[PDB]
Structures are given as structure tokens and as C-alpha cells.
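In C-alpha cells, the next block holds one chain alone, the form deposited without 2'-deoxyguanosine-5'-monophosphate (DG).
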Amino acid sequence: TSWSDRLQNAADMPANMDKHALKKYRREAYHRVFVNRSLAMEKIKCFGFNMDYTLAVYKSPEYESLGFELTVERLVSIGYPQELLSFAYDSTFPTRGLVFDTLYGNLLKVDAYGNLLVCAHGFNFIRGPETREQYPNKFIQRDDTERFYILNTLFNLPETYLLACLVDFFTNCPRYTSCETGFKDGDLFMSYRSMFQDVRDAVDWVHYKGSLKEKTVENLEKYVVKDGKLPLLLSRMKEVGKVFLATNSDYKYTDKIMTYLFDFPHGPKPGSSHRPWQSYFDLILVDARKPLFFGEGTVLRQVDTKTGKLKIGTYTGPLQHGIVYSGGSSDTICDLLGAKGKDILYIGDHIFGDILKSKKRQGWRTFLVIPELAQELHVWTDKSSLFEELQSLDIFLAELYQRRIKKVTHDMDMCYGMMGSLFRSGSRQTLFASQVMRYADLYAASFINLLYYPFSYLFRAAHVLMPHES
């Protein structure tokens, strides 16, 4: 059972809007909105969205597998060996948020301070003592972006696995000689860094010049989660505030995806007339170029929605019904909707490009969608005894002042996959977990969970106290 199976199962259910059913429903972890900092929903005057993996949740593992296949085919097309075609995407290997070390060709899972939690070279998981030869302090400087790439998005899941496939392949292929920083093939040397750049370039190519979008829109039922409760929630948001879309995707792709997401024989509720997707938004903005969007952005353009092309010129006019914007900046939203940052709840899946930057640069309120939580929540509750034992071993070890702690850690971790939970390895939290807590005011497996809370709900989190204040 993948996380998108869970999401689709919940998506197939109709909305029972009886108040008692809602309060009962939101009590379950799977339909709950989790709270890092308190948020009074009554103060939210605008609800903003991105599209990919928020409104349009791509089904797993089918969509990752499609991206993987097209990326592999692109690398073979530009000269990588034919054996790449025998790879097959494996969803049990990658966890989101790993760091690829382009110097030594390792995938690393790290905590918020750069400490190594897991290190894998190809499919070989390197134990603590052996990692010290390359990482003397079992530590990396995350900000060295020339060396380290953080695979933070769900679009990065296929290349996370592909990097490991490639390192495994070249390590074990007799044509090549393994070296510390790459592979030697006579008079040719392929560094892990150039290999990584080829993979990155190929992933980009597949999304923007290849056939990924075409293959997606020709079979949207296979590739995109669909929920009849989406127009109900958006119609309810529009009753109490304004609603906007700000996506990096272009208008033609947005229109195809959004049309599918709203393709029901009804509108907000069963029995109601169908309405076009654009009617649910007070402001539609494509080609957003986030995260630059939250700084100076780009010039504001207007989409000719008949042709899908940009009109000639910078758009200088006002908000008009039916207009579609392109580029601009977050100040465009605030100006055209008459909003301040804390009036806005921005709902997205990119922990950096959506959530971190809108929080840090503009003081927007933030809702992080984490699709994998729809399944991680099931593992967490089902194996709570593993974690509880780990807590007790940690307390026992501290007051006593080992191999049992590592074994339980491994067993707990493997329930999530070969690279463990998105949020921790054993008792140690990941960088990703830390960023969620620090920058996502609210988070959930799906933003649909807002449907189960009344219009003026007060999301509450306990106040933080310093050690000397307790």
C-alpha cells in the first residue's frame, strides 16, 4: 500500500458535513491537520495553492516509475551504456530528502546539524566506523551546494534511486575501475560529480523538453489522484476568503491537469452544476518561478487563454475576472488581493521553494502537504511498540551511565523502506523533520483535511520554553 493508495481511498469517500461526523473524522491521524505553531483560521483572508503534489497528487509508484524510465532513456540516448535499460524503479529504496555527495558518490541521510544517519554507496549501506574514512567527523556542511545536492522534492524520488543504480552499476561493471571520486575507463574518467550533473540535466530535460507531461496527460486516471471533495473545500474557502493558484507550471499543462481534477458530473457538491476549474480562483498565476517569486520575481505577464501563449508586454492593469497571470512576484498576489502576508495561508509541497521561502521572505502562514505521511502514519501507529522500546532503551542507557539500540533502530527503520522514515532514523530526527517543524505552521498528508474543521477553528500548539524557563 503506497501513500497515494491511501490518499485515493480517502478521496473516493463522499463528504459527510454533519458537524459531529466531521469532529469524529478529524480525530483520526489520517484526516488530521497537525500544528507546529498556533493559527486562527478566522484571520486567514486568502488561501493559496501550488498545483503539483498538492492539488495534483501524482500516483505512486506509477508516476515515479514513468519519470525514472524516461530519465534512463534520455541518458542512454546521450551515450550511457545500454545496460541502464535493465534498471527498474523500486519505490522501497528511496526516501525523500537524502543528500547526494558528488565527491564520493554517496547518498546520505542527515539530521538538522549535518550529522550522518545513513550512508549508502550504490546499494551498499556503510556502517559507522567505515564512514569515518570519508567523513572524519560523521558530518557534512549542507550549505556547500557545489558538493552536496539535497533531494528534497517528490520529483527527486526517481533520480534518488537512479543515482544509486548508476553507482552500483559502474562499481560492478568490469569495464570500469572504481576510484575514490569516480570511475576510470581507460583514457576516460567519469567523476560522480559529472555523473550527477548528467542525471540532473536528464531529469530536467524529461520534464521540460521530453515526453513526461505528454505521457501524463494522456492517461490521467493512471497518474493523478482525483477527489470529488476538492471543489467542495475550495468553494468553502471562497465563502470566507479569496483563493489563488501560483504554480511553476505553464498554462497549457495547468489547464489540462486542473480540468481533469474538476472533471465530475457535478460542482462543489453532488447534484450541483459543474463549474470550470478557473471559477474556483480569484487569482490564477502560472510560470511563477518560485522560489525567486518570493523575492524580486519576474515581470508580470498576461496569458492569452485562447492560445496558451503570453500576450505581448508587461501587464500593468488591475485584477480582472477571467485574466490569467504569468510570472510576477508574491507582491503581485498581495497587491491584487489586498492581502498582507499573515492574511495568507499558502499550501504547498516544496519544503524549500514553497514553505521555507514564503515564511522567511514574506511572513506568510504555511501549510505543508506531505504525501508520504498518508502511509508513514500507518507505519508509525502500527509499529509504535518498536519506537516505545527505543525510547526506553535510550532512557535506560542514559541512567545506566547499545547493540540492542542499533538493532531496534534498524528494525524500526526498515518498516519505512531501505532509507527509513522521512522524519527520523530511530530516535534521531532528519533535517527534513526539523524543517517541517520550523517552517510549516500546519502540515498534513493532504490539504483536504482542512475540510473537516469549522470556518473559525483555532489550531493550537503548546508554547516553547527554554531549558532555564522550565
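All residue numbers are counted from 1 along the displayed sequence.
Same protein, other form: the form deposited with 2'-deoxyguanosine-5'-monophosphate (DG) bound, not shown, and the subject of what follows.
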The one residue among 44, 51, 440, 412 placing a heavy atom within 4.5 Å of 2'-deoxyguanosine-5'-monophosphate (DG) in the deposited complex is 51
Pick from 138, 213, 252, 378: which residue has any heavy atom within 4.5 angstroms of 2'-deoxyguanosine-5'-monophosphate (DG) in the deposited complex? 213
Please run the contact check for residue 193 against 2'-deoxyguanosine-5'-monophosphate (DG) in the deposited complex: heavy atoms, 4.5 angstroms, yes or no? no
Would you check, heavy atoms only and a 4.5 Å threshold, whether residue 242 touches 2'-deoxyguanosine-5'-monophosphate (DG) in the deposited complex? no
Would you classify residue 349 as touching 2'-deoxyguanosine-5'-monophosphate (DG) in the deposited complex, given a 4.5 Å non-hydrogen atom cut-off? yes
Answer with yes or no whether residue 248 is in contact with 2'-deoxyguanosine-5'-monophosphate (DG) in the deposited complex, where contact means some heavy atom within 4.5 Å. yes
Please name which of the stretches 82-90, 204-212, 334-342, 272-280 has residues with heavy atoms lying within 4.5 Å of 2'-deoxyguanosine-5'-monophosphate (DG) in the deposited complex. 204-212
So which residues in 131-163, when you check 2'-deoxyguanosine-5'-monophosphate (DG) in the deposited complex, have a heavy atom no farther than 4.5 Å from it? 155
